[PDB]
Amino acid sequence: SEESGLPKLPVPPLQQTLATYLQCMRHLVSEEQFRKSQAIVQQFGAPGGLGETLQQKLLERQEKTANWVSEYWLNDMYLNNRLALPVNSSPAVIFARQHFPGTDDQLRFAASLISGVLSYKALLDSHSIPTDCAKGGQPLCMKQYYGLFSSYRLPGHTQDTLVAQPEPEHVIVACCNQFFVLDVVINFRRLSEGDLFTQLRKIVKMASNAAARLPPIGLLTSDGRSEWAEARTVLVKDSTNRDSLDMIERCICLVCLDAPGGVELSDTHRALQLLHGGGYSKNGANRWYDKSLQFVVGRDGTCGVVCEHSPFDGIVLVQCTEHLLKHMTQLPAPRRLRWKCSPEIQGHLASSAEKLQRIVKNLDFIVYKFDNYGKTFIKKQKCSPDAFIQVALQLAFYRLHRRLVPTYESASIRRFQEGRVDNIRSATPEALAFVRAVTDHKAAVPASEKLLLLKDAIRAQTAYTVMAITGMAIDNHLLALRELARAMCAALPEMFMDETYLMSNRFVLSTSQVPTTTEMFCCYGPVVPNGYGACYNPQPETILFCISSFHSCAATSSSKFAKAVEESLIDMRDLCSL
């Protein structure tokens, strides 16, 4: 009645997780390091040993909590991360290209979008969104929907805070780096699209007035999390700033009326604008990255949403955005938020502009549309499209870099209460056997044998996927054992100080499938300096890859990786056509 009917997240058996862990890492560490890790794990999991003690504590935690990993996972994946949110953390979703002859066309789109946000939020708030079922079925957790609009991520010196929340409700409109409170309710009557248009015109006019222009405070939210915690602490010394921060913290979402980009509106360029606004000289300060959703409606027709994803993952977000876009197809003045700055704040602003520009220049990003085939061909090979593509990315990484690396693939655990994600470790032993056969010409493995190895790697990938989505994989389980150990003693046991364990969690290849039904697509940066981010959207006859890496790292190249992906998909096609 008041409590969820969903199952709780399972706790895997301890020995199952330790065995899977060792077999995951054997081929990714040296033989000497692996021998040491084998003995460490044996001691940790011995009868009556520490692992068994921690496992008992984890089963007590499962009984006392709705989800035993929620707190640890939120802190480990997001709130402890000190990197600036743009590129490093906040994914971008790019909508179909739009065409706005005049400003009023841009404003009519933004008015229509805001109206759809208000309608969707009314469905949400009255619990009218139909329960998702697995594979589009077993019911899925719906809690992430309540985090789409009611969430604000506060910076902290060492750990951030995720705050959940209002009479009336308002959005914040960002224009020319200025922020305006737009109430979306007058006399308890929701503003119509026409009223919203009229209000947005008032905002664009006020934002263009240089005598009222205020400093670009939003730039500070683009900095490292400890840097922005420090600058925000300066701001909150003044009551005007506290009032303005409070208005942003409690808004529904941001709507960002970006200026024209001046670059060709390719898919790659539109994505760059959604990821980091092009830096301070372009739209990079027209942002507030702590707020969960920042819809961008650019003057030139670049539209999308920038997502702070501590409160929700991408499947729920795409459900929301597709509903918004599909249903677009079917009076007091807004208040400028004022700011009281100091010489301190000017220094923080200049430093944030410089730090953001390093991120802009460092990001190597490419949108690559593979057009030779898609899901239809892959399914004719008795393969899951996701597993086939994951194996292709392993072959791409191996043929370019001549090793496999610890790889992350998001797996939804929404089958369980409060469920977010666990990790599918796609760098399997079977994937290694396959990529070596394909690339080692002197070994002269027959194509017929490469095909057997291909299908066994796809089998192993599919098996790991089922394991992860049913709560039986290893990353969340080890995370909880680690953090329960830390509560006993700040000195972690050797199990988690082991270089094999640290190595295992540096995801040089970080991936996810985010399928969409419209022309929209999702992207994000890498999670380690020598890594890639790879987000793909498989369609019946094509596959879209968004590949990121950092220009600082001489080993990686997004262009070269996309070419290796193409060659791998062609190789796999030829093997399946024997």
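Heads up, when I say rigid core I mean the largest set of C-alphas that superpose within 1.5 Å between the two forms. All residue numbers refer to positions in the sequence shown, first residue = 1.
- Note on 409 to 417 and 180 to 188: with rigid core alignment, C-alpha atoms in 6 other deposited structures of this protein sit farther from this form for 180 to 188.
- RMS Cα deviation from the shown model in 6 other deposited structures of this protein, rigid core fit, is larger for 122 to 130 than for the other stretch of the pair 279 to 287 / 122 to 130.
- At least a third of the other compared entries skip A164 while keeping the residues on either side.
- Omission of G147 is seen in none of the other entries compared for this protein where the adjacent residues are built, far below a third.
- Missing deposited residues between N187 and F188: none, as the chain runs unbroken there.
- Unmodelled residues of the deposited sequence between neighbouring positions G136 and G137 number 1 to 3.
- Remark: stretch with higher mean C-alpha B factor among 44 to 52 and 547 to 555 is 44 to 52.
- Stretches 498 to 506 and 166 to 174 differ in mean CA B factor, with 166 to 174 having the higher one.
- If you compare the C-alpha temperature factors of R415, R270, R213, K379 in the entry, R213 comes out highest.
- Residues shown: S222, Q319, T428, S208. Highest C-alpha temperature factor in the entry: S208.
- Split the chain's modelled residues into thirds by C-alpha temperature factor. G116 is in the highest one.
- Ranked against the other modelled residues of its chain, the C-alpha B-factor of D313 as given in the entry falls in the middle third.
- Among the modelled residues of its chain, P91 has a C-alpha B-factor that falls in the lowest third, as given in the PDB entry.
- The deposited CA B-factor of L578 belongs to the highest third of values across its chain.
- Per the PDB record, residue ranking by Cα B-factor puts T517 in the highest third of the chain.
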